[PDB]
>>> print(open('start-v3.txt').read())   # compact mmCIF, C-alpha atoms and all ligand atoms
# COMPACT_ATOMS: atom_id res chain seq x y z
CA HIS G 1 -14.11 27.59 46.46
CA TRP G 2 -11.54 30.04 45.18
CA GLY G 3 -10.99 30.82 41.54
CA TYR G 4 -10.54 33.70 39.10
CA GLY G 5 -14.16 34.79 38.58
CA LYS G 6 -16.07 37.83 39.79
CA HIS G 7 -17.35 36.14 42.94
CA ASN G 8 -14.38 33.95 43.86
CA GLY G 9 -11.35 35.69 42.36
CA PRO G 10 -8.24 37.31 43.83
CA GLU G 11 -10.11 40.10 45.65
CA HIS G 12 -12.03 37.43 47.60
CA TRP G 13 -9.15 35.12 48.53
CA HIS G 14 -8.30 36.92 51.80
CA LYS G 15 -11.55 35.66 53.38
CA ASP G 16 -10.39 32.03 53.30
CA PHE G 17 -6.64 32.86 53.26
CA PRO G 18 -6.05 36.01 55.35
CA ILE G 19 -2.33 35.93 54.52
CA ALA G 20 -3.46 37.34 51.15
CA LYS G 21 -2.98 40.75 52.84
CA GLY G 22 0.39 39.77 54.31
CA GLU G 23 3.79 41.40 54.29
CA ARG G 24 5.44 39.36 51.49
CA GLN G 25 2.75 38.56 48.93
CA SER G 26 3.31 37.74 45.25
CA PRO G 27 3.31 38.63 42.45
CA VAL G 28 4.68 42.19 42.40
CA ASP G 29 5.49 44.80 39.81
CA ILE G 30 9.22 44.82 39.10
CA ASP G 31 10.21 48.46 38.79
CA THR G 32 13.44 48.04 36.85
CA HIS G 33 14.86 51.43 37.75
CA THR G 34 14.33 50.79 41.50
CA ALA G 35 15.62 47.22 41.58
CA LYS G 36 19.18 47.32 42.86
CA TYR G 37 22.00 45.46 41.20
CA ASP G 38 23.56 43.15 43.81
CA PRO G 39 27.11 42.04 42.86
CA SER G 40 27.10 39.44 45.61
CA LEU G 41 24.35 37.46 43.83
CA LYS G 42 25.70 34.34 42.16
CA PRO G 43 24.73 32.92 38.78
CA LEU G 44 21.76 30.62 38.95
CA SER G 45 22.61 26.94 38.64
CA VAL G 46 19.86 25.14 36.71
CA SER G 47 20.65 21.41 36.58
CA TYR G 48 17.81 19.77 34.66
CA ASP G 49 19.71 17.04 32.77
CA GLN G 50 18.33 14.16 34.84
CA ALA G 51 14.76 15.48 35.12
CA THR G 52 12.03 12.79 35.19
CA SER G 53 8.63 14.15 34.24
CA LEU G 54 5.70 12.01 35.37
CA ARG G 55 2.22 13.38 34.61
CA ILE G 56 0.38 16.39 33.23
CA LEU G 57 -2.78 17.46 35.06
CA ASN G 58 -5.60 20.00 34.77
CA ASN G 59 -6.15 21.05 38.38
CA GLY G 60 -8.96 23.52 37.68
CA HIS G 61 -6.66 26.55 38.04
CA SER G 62 -3.88 25.76 35.54
CA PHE G 63 -2.24 22.73 33.96
CA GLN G 64 0.78 21.27 35.75
CA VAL G 65 3.60 18.94 34.70
CA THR G 66 4.88 16.98 37.70
CA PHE G 67 8.35 15.54 38.22
CA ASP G 68 9.97 12.86 40.37
CA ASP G 69 11.26 14.86 43.35
CA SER G 70 12.34 11.82 45.41
CA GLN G 71 16.01 12.36 44.45
CA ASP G 72 18.23 15.25 43.36
CA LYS G 73 17.45 14.87 39.65
CA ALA G 74 16.43 18.34 38.48
CA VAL G 75 17.68 20.94 40.92
CA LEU G 76 18.05 24.69 41.22
CA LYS G 77 20.98 26.09 43.22
CA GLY G 78 23.05 29.24 43.44
CA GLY G 79 21.65 32.66 42.70
CA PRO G 80 20.18 33.99 45.95
CA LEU G 81 19.65 30.47 47.29
CA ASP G 82 21.35 28.56 50.09
CA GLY G 83 21.33 24.85 49.46
CA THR G 84 19.59 22.70 46.90
CA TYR G 85 16.05 22.95 45.59
CA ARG G 86 14.34 20.06 43.78
CA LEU G 87 11.99 20.64 40.84
CA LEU G 88 8.51 19.35 41.68
CA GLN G 89 6.29 20.80 38.95
CA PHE G 90 5.79 23.54 36.44
CA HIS G 91 2.61 25.29 35.39
CA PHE G 92 1.53 28.47 33.64
CA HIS G 93 -0.66 31.54 34.11
CA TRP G 94 -2.07 33.18 30.97
CA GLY G 95 -4.60 35.66 29.62
CA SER G 96 -7.63 35.86 27.40
CA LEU G 97 -5.65 38.24 25.14
CA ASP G 98 -1.94 38.66 24.51
CA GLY G 99 -1.68 41.91 26.52
CA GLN G 100 -2.35 40.20 29.85
CA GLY G 101 -1.68 36.91 31.56
CA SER G 102 1.54 37.28 33.49
CA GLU G 103 1.53 37.59 37.27
CA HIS G 104 4.70 39.59 37.70
CA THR G 105 4.89 42.75 35.64
CA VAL G 106 7.94 44.71 34.52
CA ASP G 107 7.55 48.48 34.74
CA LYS G 108 3.80 47.74 34.73
CA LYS G 109 4.09 45.73 31.47
CA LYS G 110 2.06 42.51 31.45
CA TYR G 111 3.22 39.59 29.34
CA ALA G 112 0.93 37.08 27.62
CA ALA G 113 1.77 34.33 30.10
CA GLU G 114 4.14 33.31 32.85
CA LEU G 115 5.82 29.95 33.46
CA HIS G 116 6.49 28.88 37.06
CA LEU G 117 9.07 26.15 37.70
CA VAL G 118 8.44 25.21 41.33
CA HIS G 119 11.28 23.85 43.50
CA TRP G 120 11.52 23.02 47.21
CA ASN G 121 14.43 23.18 49.63
CA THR G 122 15.73 19.67 50.36
CA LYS G 123 16.70 20.61 53.91
CA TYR G 124 12.97 20.42 54.75
CA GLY G 125 12.55 16.91 53.34
CA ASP G 126 9.18 17.29 51.59
CA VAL G 127 7.25 20.07 49.90
CA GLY G 128 4.53 20.14 52.57
CA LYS G 129 7.12 20.97 55.19
CA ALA G 130 8.89 23.41 52.88
CA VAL G 131 5.72 25.47 52.39
CA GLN G 132 5.72 26.24 56.12
CA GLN G 133 9.21 27.81 55.95
CA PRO G 134 10.21 31.32 54.81
CA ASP G 135 12.91 29.81 52.56
CA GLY G 136 11.05 26.63 51.66
CA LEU G 137 10.41 27.14 47.93
CA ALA G 138 12.17 28.72 44.98
CA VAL G 139 10.00 29.51 41.97
CA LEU G 140 11.72 30.33 38.71
CA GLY G 141 9.39 32.61 36.76
CA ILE G 142 9.72 33.05 33.02
CA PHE G 143 7.68 35.46 30.93
CA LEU G 144 6.06 34.43 27.63
CA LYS G 145 5.50 36.86 24.78
CA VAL G 146 3.72 36.01 21.54
CA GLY G 147 5.64 35.85 18.28
CA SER G 148 7.77 32.92 17.10
CA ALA G 149 7.01 29.41 18.34
CA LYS G 150 8.96 27.78 21.18
CA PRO G 151 9.74 24.27 19.88
CA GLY G 152 10.36 22.91 23.38
CA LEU G 153 6.80 23.83 24.38
CA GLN G 154 5.11 21.92 21.55
CA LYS G 155 5.03 18.54 23.32
CA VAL G 156 3.08 20.22 26.15
CA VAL G 157 0.68 22.02 23.82
CA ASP G 158 -0.11 18.88 21.85
CA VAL G 159 -1.34 16.90 24.90
CA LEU G 160 -3.64 19.62 26.29
CA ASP G 161 -6.63 18.29 24.36
CA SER G 162 -6.42 15.17 26.57
CA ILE G 163 -6.72 17.18 29.82
CA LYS G 164 -9.35 19.71 28.79
CA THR G 165 -11.36 19.77 32.03
CA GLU G 166 -10.65 19.87 35.74
CA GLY G 167 -9.43 16.58 37.17
CA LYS G 168 -8.05 15.07 33.99
CA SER G 169 -4.46 13.83 33.84
CA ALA G 170 -2.20 11.94 31.43
CA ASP G 171 1.13 10.26 31.52
CA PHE G 172 3.80 12.85 30.39
CA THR G 173 7.20 11.15 30.60
CA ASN G 174 10.53 12.18 29.06
CA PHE G 175 9.75 15.89 28.89
CA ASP G 176 12.87 18.06 29.03
CA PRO G 177 12.17 21.40 30.77
CA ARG G 178 15.46 22.82 29.45
CA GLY G 179 13.52 23.44 26.25
CA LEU G 180 11.49 26.15 28.03
CA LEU G 181 14.44 28.32 29.14
CA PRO G 182 15.61 31.55 27.50
CA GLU G 183 19.25 32.16 26.62
CA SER G 184 20.05 34.40 29.57
CA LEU G 185 19.73 33.49 33.23
CA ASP G 186 19.85 37.14 34.33
CA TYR G 187 17.20 37.55 37.01
CA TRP G 188 15.44 39.64 39.60
CA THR G 189 14.85 38.18 43.04
CA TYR G 190 12.73 39.02 46.08
CA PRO G 191 11.06 37.20 49.00
CA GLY G 192 7.42 36.42 48.30
CA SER G 193 4.59 33.94 48.37
CA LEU G 194 2.62 31.40 46.44
CA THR G 195 0.39 33.28 43.99
CA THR G 196 -2.54 30.89 44.51
CA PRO G 197 -4.13 29.73 47.77
CA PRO G 198 -2.84 29.00 50.29
CA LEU G 199 -0.69 32.07 49.42
CA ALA G 200 1.98 30.82 51.84
CA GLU G 201 4.90 33.20 52.36
CA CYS G 202 7.52 30.57 51.60
CA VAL G 203 8.94 31.52 48.18
CA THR G 204 12.24 32.99 47.06
CA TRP G 205 11.15 34.37 43.69
CA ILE G 206 13.64 34.29 40.83
CA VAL G 207 12.18 36.03 37.77
CA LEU G 208 14.17 35.90 34.54
CA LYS G 209 14.69 39.15 32.64
CA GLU G 210 14.52 37.50 29.21
CA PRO G 211 11.12 36.22 28.07
CA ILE G 212 10.61 33.27 25.85
CA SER G 213 8.61 33.66 22.67
CA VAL G 214 5.69 31.32 21.94
CA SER G 215 3.45 31.34 18.90
CA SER G 216 -0.14 32.51 18.74
CA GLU G 217 -1.11 28.90 17.98
CA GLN G 218 0.63 27.66 21.12
CA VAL G 219 -1.06 30.16 23.43
CA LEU G 220 -4.44 29.58 21.75
CA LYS G 221 -4.17 25.97 22.88
CA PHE G 222 -3.75 27.12 26.50
CA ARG G 223 -6.95 29.15 26.11
CA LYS G 224 -8.97 26.09 25.02
CA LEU G 225 -8.58 24.47 28.44
CA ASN G 226 -11.54 24.60 30.83
CA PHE G 227 -11.82 25.68 34.46
CA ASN G 228 -14.90 23.48 34.83
CA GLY G 229 -15.09 19.74 35.11
CA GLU G 230 -16.43 17.56 32.33
CA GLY G 231 -20.20 17.91 31.99
CA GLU G 232 -20.35 21.31 33.71
CA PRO G 233 -21.03 24.61 31.90
CA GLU G 234 -17.93 25.42 29.88
CA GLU G 235 -15.85 28.30 31.24
CA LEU G 236 -12.60 28.72 29.34
CA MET G 237 -9.46 28.59 31.49
CA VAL G 238 -8.16 32.10 30.76
CA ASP G 239 -7.00 34.96 32.97
CA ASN G 240 -5.79 32.61 35.72
CA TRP G 241 -3.37 35.23 37.06
CA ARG G 242 -3.23 37.14 40.33
CA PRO G 243 -2.49 40.87 39.91
CA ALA G 244 0.53 42.60 41.41
CA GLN G 245 0.43 42.98 45.20
CA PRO G 246 1.94 45.69 47.42
CA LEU G 247 5.71 45.52 47.65
CA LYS G 248 5.64 46.74 51.27
CA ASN G 249 8.97 46.36 53.10
CA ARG G 250 10.86 44.59 50.32
CA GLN G 251 13.67 45.34 47.89
CA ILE G 252 13.92 43.62 44.55
CA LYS G 253 17.51 42.75 43.67
CA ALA G 254 18.92 42.32 40.16
CA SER G 255 21.68 39.89 39.22
CA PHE G 256 22.68 42.17 36.34
CA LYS G 257 23.37 45.76 35.42
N1 LIG B 301 1.79 29.99 41.36
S1 LIG B 301 3.08 29.60 42.32
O1 LIG B 301 3.36 30.76 43.33
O2 LIG B 301 4.30 29.15 41.46
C1 LIG B 301 2.69 28.17 43.30
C2 LIG B 301 3.69 27.23 43.53
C3 LIG B 301 3.42 26.12 44.30
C4 LIG B 301 2.17 25.97 44.84
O3 LIG B 301 1.90 24.86 45.64
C5 LIG B 301 1.18 26.91 44.61
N2 LIG B 301 -0.15 26.79 45.17
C6 LIG B 301 -0.93 25.63 44.84
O4 LIG B 301 -0.49 24.78 44.12
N3 LIG B 301 -2.23 25.56 45.42
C7 LIG B 301 -3.09 24.42 45.13
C8 LIG B 301 -4.52 24.63 45.63
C9 LIG B 301 -4.66 24.72 47.15
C10 LIG B 301 -3.82 23.97 47.96
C11 LIG B 301 -3.96 24.07 49.34
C12 LIG B 301 -4.92 24.92 49.85
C13 LIG B 301 -5.72 25.64 48.98
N4 LIG B 301 -5.57 25.53 47.67
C14 LIG B 301 1.44 28.03 43.85
ZN ZN B 302 2.20 29.93 39.46
>>> encode(input="start-v3.txt", output="structure tokens", more="lines below")
Ligand SMILES: NS(=O)(=O)c1ccc(O)c(NC(=O)NCCc2ccccn2)c1
Ligand SMILES: [Zn+2]
Amino acid sequence: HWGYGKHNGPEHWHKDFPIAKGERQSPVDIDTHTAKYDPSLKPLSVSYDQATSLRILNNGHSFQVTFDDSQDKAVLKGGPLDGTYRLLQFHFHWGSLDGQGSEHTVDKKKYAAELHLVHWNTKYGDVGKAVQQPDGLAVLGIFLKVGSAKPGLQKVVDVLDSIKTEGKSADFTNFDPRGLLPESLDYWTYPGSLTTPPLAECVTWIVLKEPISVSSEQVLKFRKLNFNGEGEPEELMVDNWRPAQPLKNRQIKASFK
């Protein structure tokens, strides 16, 4: 089974998921001087006021907060998108040290972590159908750097000790994901893929230029999670990121100058 170790990590994934070598894989390095400003791109519309968080889960590859996606409660619209995308979950990728952890890079710079807010296109009715479509998902990616604390992350950090090992979950209601967003919604966008198996080429990526800052204490709590299940040899959940993949026949567009 796939993971992030020497014998099951990203360089092995293509054996079970041959699309790993496909034409629109993620993440990628964002070369800021080569991204082209597109004046036709609209502002992103992030409408999270009615979000209903449900549960937080350690799935053995990250921790995920899930939302009620049975109605248009927390939706992403505008930007490069046509139609309405419902928020299903968010999760993070992070490093063993502050100089690595992000999936996307910016002029080869790696951030300490990366937040993925995962949304699916309501025209396909459910996320399983959306993953089989080239415009099925929109993932809003937000970089994390280490410095000052992010107060809106603290409720997440404080429950992680209850989901230490793979398969554990907890009720996580009334969490407001607006507390995770930076000031600016300036973004880069490109067509890509899921960054974990099945690596489906179904994602419009929207990566925010402005990182959020989190404290060293907050990221240390991420690094105390375990990849293993309870009772198995402890392997800290760190470095759960896929490296940048070939850009191939794609242009990254910027919403800003
Ligand atoms: N990391 S990401 O590109 O935001 C992203 C977003 C939504 C997703 O469903 C995934 N992939 C994911 O959750 N995979 C779960 C594990 C799995 C599911 C199906 C087959 C093999 N492995 C990644
Ligand atoms: Zn992700």
>>> closest_residue(input="start-v3.txt", among="G:77, G:42, G:224, G:91", to="ligand ZN 302 (chain B)", atoms="all atoms listed in the file")
G:91
>>> closest_residue(input="start-v3.txt", among="G:229, G:136, G:182, G:197", to="residue 209 of chain G", atoms="all atoms listed in the file")
G:182
>>> closest_residue(input="start-v3.txt", among="G:15, G:86, G:24, G:104", to="residue 206 of chain G", atoms="all atoms listed in the file")
G:104
>>> closest_atom_pairs(input="start-v3.txt", of="chain G", to="ligand ZN 302 (chain B)", cutoff="9 Å", atoms="all atoms listed in the file", output="tab-separated table")
residue	atom	partner	partner_atom	distance
G:62	CA	B:ZN302	ZN	8.3
G:90	CA	B:ZN302	ZN	7.9
G:91	CA	B:ZN302	ZN	6.2
G:92	CA	B:ZN302	ZN	6.0
G:93	CA	B:ZN302	ZN	6.3
G:103	CA	B:ZN302	ZN	8.0
G:114	CA	B:ZN302	ZN	7.7
G:115	CA	B:ZN302	ZN	7.0
G:116	CA	B:ZN302	ZN	5.0
G:117	CA	B:ZN302	ZN	8.0
G:118	CA	B:ZN302	ZN	8.0
G:139	CA	B:ZN302	ZN	8.2
G:141	CA	B:ZN302	ZN	8.1
G:194	CA	B:ZN302	ZN	7.1
G:195	CA	B:ZN302	ZN	5.9
G:196	CA	B:ZN302	ZN	7.0
G:241	CA	B:ZN302	ZN	8.1
>>> residues_around(input="start-v3.txt", residues="residue 52 of chain G", least_positions_apart="3", cutoff="10 Å", atoms="all atoms listed in the file", output="ChimeraX atom specification")
/G:48-49,55,66-69,73-74,87-88,172-177
>>> atom_distance(input="start-v3.txt", atom1="atom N3 of ligand LIG 301 (chain B)", atom2="atom CA of residue 5 of chain G")
16.6 Å
>>> residues_near_point(input="start-v3.txt", point="(9.3, 35.0, 16.1)", cutoff="9 Å", atoms="all atoms listed in the file", output="list in words")
residues 146, 147, 148, 149, 150, 213, 214 and 215 of chain G
>>> closest_residue(input="start-v3.txt", among="G:210, G:23, G:29, G:201", to="ligand LIG 301 (chain B)", atoms="all atoms listed in the file")
G:201
>>> atom_distance(input="start-v3.txt", atom1="atom CA of residue 32 of chain G", atom2="atom CA of residue 75 of chain G")
27.7 Å
>>> closest_residue(input="start-v3.txt", among="G:106, G:138, G:97, G:46", to="residue 33 of chain G", atoms="all atoms listed in the file")
G:106
>>> closest_residue(input="start-v3.txt", among="G:59, G:105, G:100, G:255", to="residue 186 of chain G", atoms="only C-alpha atoms")
G:255
>>> atom_distance(input="start-v3.txt", atom1="atom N1 of ligand LIG 301 (chain B)", atom2="atom CA of residue 72 of chain G")
22.2 Å
>>> axis_aligned_box(input="start-v3.txt", around="ligand LIG 301 (chain B)", padding_each_side="3 Å", output="AutoDock Vina command-line options")
--center_x -0.7 --center_y 27.4 --center_z 45.6 --size_x 16.0 --size_y 12.8 --size_z 14.5
>>> closest_atom_pairs(input="start-v3.txt", of="segment 180-239 of chain G", to="segment 122-130 of chain G", cutoff="12 Å", atoms="all atoms listed in the file", output="Markdown table")
| residue | atom | partner | partner_atom | distance |
| --- | --- | --- | --- | --- |
| G:198 | CA | G:128 | CA | 11.7 |
| G:200 | CA | G:130 | CA | 10.2 |
| G:201 | CA | G:130 | CA | 10.6 |
| G:202 | CA | G:130 | CA | 7.4 |
| G:203 | CA | G:130 | CA | 9.4 |
| G:204 | CA | G:130 | CA | 11.7 |
>>> decode(input="start-v3.txt", residues="segment 225-245 of chain G", atoms="N, CA, C and O atoms", output="PDB file, in the first residue's frame")
ATOM      1  N   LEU G 225       1.596  13.508  14.978  1.00  0.00           N
ATOM      2  CA  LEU G 225       0.703  12.495  14.435  1.00  0.00           C
ATOM      3  C   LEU G 225       1.503  11.282  13.959  1.00  0.00           C
ATOM      4  O   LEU G 225       2.729  11.335  13.788  1.00  0.00           O
ATOM      5  N   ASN G 226       0.807  10.161  13.781  1.00  0.00           N
ATOM      6  CA  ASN G 226       1.446   8.917  13.346  1.00  0.00           C
ATOM      7  C   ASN G 226       0.866   8.442  12.024  1.00  0.00           C
ATOM      8  O   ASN G 226      -0.353   8.495  11.821  1.00  0.00           O
ATOM      9  N   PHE G 227       1.746   7.946  11.139  1.00  0.00           N
ATOM     10  CA  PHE G 227       1.276   7.219   9.957  1.00  0.00           C
ATOM     11  C   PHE G 227       0.663   5.883  10.341  1.00  0.00           C
ATOM     12  O   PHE G 227      -0.283   5.416   9.694  1.00  0.00           O
ATOM     13  N   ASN G 228       1.248   5.218  11.330  1.00  0.00           N
ATOM     14  CA  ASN G 228       0.836   3.878  11.708  1.00  0.00           C
ATOM     15  C   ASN G 228      -0.490   3.886  12.461  1.00  0.00           C
ATOM     16  O   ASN G 228      -0.947   4.904  12.989  1.00  0.00           O
ATOM     17  N   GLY G 229      -1.093   2.700  12.538  1.00  0.00           N
ATOM     18  CA  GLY G 229      -2.216   2.517  13.421  1.00  0.00           C
ATOM     19  C   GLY G 229      -1.775   2.240  14.844  1.00  0.00           C
ATOM     20  O   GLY G 229      -0.614   1.921  15.101  1.00  0.00           O
ATOM     21  N   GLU G 230      -2.722   2.382  15.763  1.00  0.00           N
ATOM     22  CA  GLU G 230      -2.450   2.143  17.174  1.00  0.00           C
ATOM     23  C   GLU G 230      -1.924   0.724  17.379  1.00  0.00           C
ATOM     24  O   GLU G 230      -2.451  -0.236  16.809  1.00  0.00           O
ATOM     25  N   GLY G 231      -0.855   0.600  18.162  1.00  0.00           N
ATOM     26  CA  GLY G 231      -0.250  -0.689  18.428  1.00  0.00           C
ATOM     27  C   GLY G 231       0.796  -1.136  17.427  1.00  0.00           C
ATOM     28  O   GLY G 231       1.415  -2.187  17.633  1.00  0.00           O
ATOM     29  N   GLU G 232       1.008  -0.384  16.353  1.00  0.00           N
ATOM     30  CA  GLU G 232       2.031  -0.684  15.368  1.00  0.00           C
ATOM     31  C   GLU G 232       3.271   0.145  15.669  1.00  0.00           C
ATOM     32  O   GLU G 232       3.208   1.102  16.445  1.00  0.00           O
ATOM     33  N   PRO G 233       4.430  -0.211  15.112  1.00  0.00           N
ATOM     34  CA  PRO G 233       5.636   0.583  15.383  1.00  0.00           C
ATOM     35  C   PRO G 233       5.420   2.032  14.969  1.00  0.00           C
ATOM     36  O   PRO G 233       4.895   2.316  13.889  1.00  0.00           O
ATOM     37  N   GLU G 234       5.815   2.952  15.848  1.00  0.00           N
ATOM     38  CA  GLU G 234       5.487   4.360  15.661  1.00  0.00           C
ATOM     39  C   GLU G 234       6.360   4.964  14.569  1.00  0.00           C
ATOM     40  O   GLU G 234       7.593   4.931  14.656  1.00  0.00           O
ATOM     41  N   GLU G 235       5.714   5.535  13.558  1.00  0.00           N
ATOM     42  CA  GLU G 235       6.386   6.229  12.469  1.00  0.00           C
ATOM     43  C   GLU G 235       5.707   7.585  12.383  1.00  0.00           C
ATOM     44  O   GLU G 235       4.531   7.663  12.016  1.00  0.00           O
ATOM     45  N   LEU G 236       6.425   8.644  12.750  1.00  0.00           N
ATOM     46  CA  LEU G 236       5.797   9.957  12.802  1.00  0.00           C
ATOM     47  C   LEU G 236       5.283  10.349  11.426  1.00  0.00           C
ATOM     48  O   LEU G 236       5.932  10.101  10.402  1.00  0.00           O
ATOM     49  N   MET G 237       4.089  10.943  11.404  1.00  0.00           N
ATOM     50  CA  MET G 237       3.495  11.456  10.168  1.00  0.00           C
ATOM     51  C   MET G 237       4.159  12.792   9.871  1.00  0.00           C
ATOM     52  O   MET G 237       3.759  13.848  10.380  1.00  0.00           O
ATOM     53  N   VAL G 238       5.224  12.726   9.068  1.00  0.00           N
ATOM     54  CA  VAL G 238       5.970  13.883   8.594  1.00  0.00           C
ATOM     55  C   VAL G 238       6.378  13.604   7.157  1.00  0.00           C
ATOM     56  O   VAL G 238       6.504  12.451   6.737  1.00  0.00           O
ATOM     57  N   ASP G 239       6.591  14.677   6.406  1.00  0.00           N
ATOM     58  CA  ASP G 239       7.024  14.575   5.014  1.00  0.00           C
ATOM     59  C   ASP G 239       6.008  13.809   4.170  1.00  0.00           C
ATOM     60  O   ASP G 239       6.357  12.977   3.323  1.00  0.00           O
ATOM     61  N   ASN G 240       4.736  14.110   4.388  1.00  0.00           N
ATOM     62  CA  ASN G 240       3.643  13.549   3.606  1.00  0.00           C
ATOM     63  C   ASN G 240       3.313  14.436   2.409  1.00  0.00           C
ATOM     64  O   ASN G 240       2.159  14.811   2.195  1.00  0.00           O
ATOM     65  N   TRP G 241       4.331  14.782   1.627  1.00  0.00           N
ATOM     66  CA  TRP G 241       4.175  15.634   0.460  1.00  0.00           C
ATOM     67  C   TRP G 241       4.741  14.932  -0.766  1.00  0.00           C
ATOM     68  O   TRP G 241       5.754  14.230  -0.691  1.00  0.00           O
ATOM     69  N   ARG G 242       4.079  15.128  -1.900  1.00  0.00           N
ATOM     70  CA  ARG G 242       4.597  14.692  -3.189  1.00  0.00           C
ATOM     71  C   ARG G 242       5.459  15.811  -3.773  1.00  0.00           C
ATOM     72  O   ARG G 242       5.077  16.984  -3.704  1.00  0.00           O
ATOM     73  N   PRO G 243       6.611  15.522  -4.360  1.00  0.00           N
ATOM     74  CA  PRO G 243       7.419  16.573  -4.953  1.00  0.00           C
ATOM     75  C   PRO G 243       6.808  17.090  -6.279  1.00  0.00           C
ATOM     76  O   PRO G 243       5.948  16.522  -6.833  1.00  0.00           O
ATOM     77  N   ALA G 244       7.363  18.218  -6.707  1.00  0.00           N
ATOM     78  CA  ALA G 244       6.906  18.819  -7.956  1.00  0.00           C
ATOM     79  C   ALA G 244       7.092  17.861  -9.127  1.00  0.00           C
ATOM     80  O   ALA G 244       8.117  17.181  -9.243  1.00  0.00           O
ATOM     81  N   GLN G 245       6.096  17.836 -10.004  1.00  0.00           N
ATOM     82  CA  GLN G 245       6.021  16.991 -11.178  1.00  0.00           C
ATOM     83  C   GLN G 245       6.220  17.816 -12.449  1.00  0.00           C
ATOM     84  O   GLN G 245       6.098  19.047 -12.436  1.00  0.00           O
TER      85      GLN G 245
END
